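Heads up, the chain below is alone and in the form deposited in one PDB entry; it's given as structure tokens.
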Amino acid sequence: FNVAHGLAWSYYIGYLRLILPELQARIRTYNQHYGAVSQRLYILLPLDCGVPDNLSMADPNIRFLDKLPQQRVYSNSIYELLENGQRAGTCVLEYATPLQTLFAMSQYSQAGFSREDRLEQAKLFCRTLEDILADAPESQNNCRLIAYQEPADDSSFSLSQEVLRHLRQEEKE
């Protein structure tokens, strides 16, 4: 019923608690061998549940650089963030794919998931996941949640500016 609660806990148990303790070392290995990539996994949480099929970012100010090397195969992508033509940040960035699952459940008649419940379940997914990570041992400062809703009147949104805002806070603290 609160489908988002189970999906947050599963995403933590079967993915984040397994990948996050080895992330710092794969990043630190990249920053020796292959401007430096920042230290955390940045997780994109579009509250509209819109995740591209190829997990590929439309925004040309978010430009693919490289895959992180391995420490179970994990494909995690490093992106450069551009601002008025300038390289302004570099980080490991990806979508919270369970939001895509909520979207897909909403389309299937047998799932009992109303289309108009997507925003509420996305917000519950985000809140549950933030509460888990607040008491999570494997999170030693190695992921950041980026939750966002684009404006209601089709007014322009910059995903790159959204990401950069979060990065610059981490430089400040």
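In this text, residue numbers run from 1 along the sequence as written. We call the rigid core the largest set of C-alpha positions that still match within 1.5 Å between the two forms. Only residues modelled in both forms are compared.
In the record comparison, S158 is modelled in each of the other entries of this protein that model the residues flanking it, with no third of them omitting it. Of the other entries compared for this protein that flank it with modelled residues, a third or more give no atoms for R72.
Where coordinates are absent for parts of the deposited sequence, a chain break appears; between neighbours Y108 and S109 there is no such break. The PDB entry reports B-factors from which the mean C-alpha value can be compared for 111 to 119 and 22 to 30; the larger average falls on 22 to 30. If you average the C-alpha B-factors over 50 to 58 and over 130 to 138, the higher value belongs to 50 to 58. Remark: of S77, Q100, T90, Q71, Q71 shows the highest value [criterion: C-alpha B-factor in the PDB entry]. Per-chain ranking of the deposited C-alpha B factor places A36 in the highest third. Compared with the other modelled residues of the chain, the Cα B-factor recorded for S156 ranks in the highest third.
The discussion below concerns the form deposited in another entry, not included here.
Superposed on the rigid core, the two forms differ between this form and the one not shown by 2 Å or more at the C-alpha of one listed residue only; from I27, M57, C143, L45 that residue is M57. Relative to the superposed rigid core, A134 undergoes a CA displacement smaller than 2 Å between this form and the one not shown. In the other entry, the separation between the C-alpha atoms of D53 and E80 shrinks by 3 Å or more relative to the displayed form. Relative to what is shown, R168 and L55 are closer in the other entry; their C-alpha atoms differ in spacing by at least 3 Å. Shifted regions between this form and the one not shown (3+ consecutive residues, every CA moving 2 Å or more on the core fit): 32 to 34, 53 to 58, 109 to 116.
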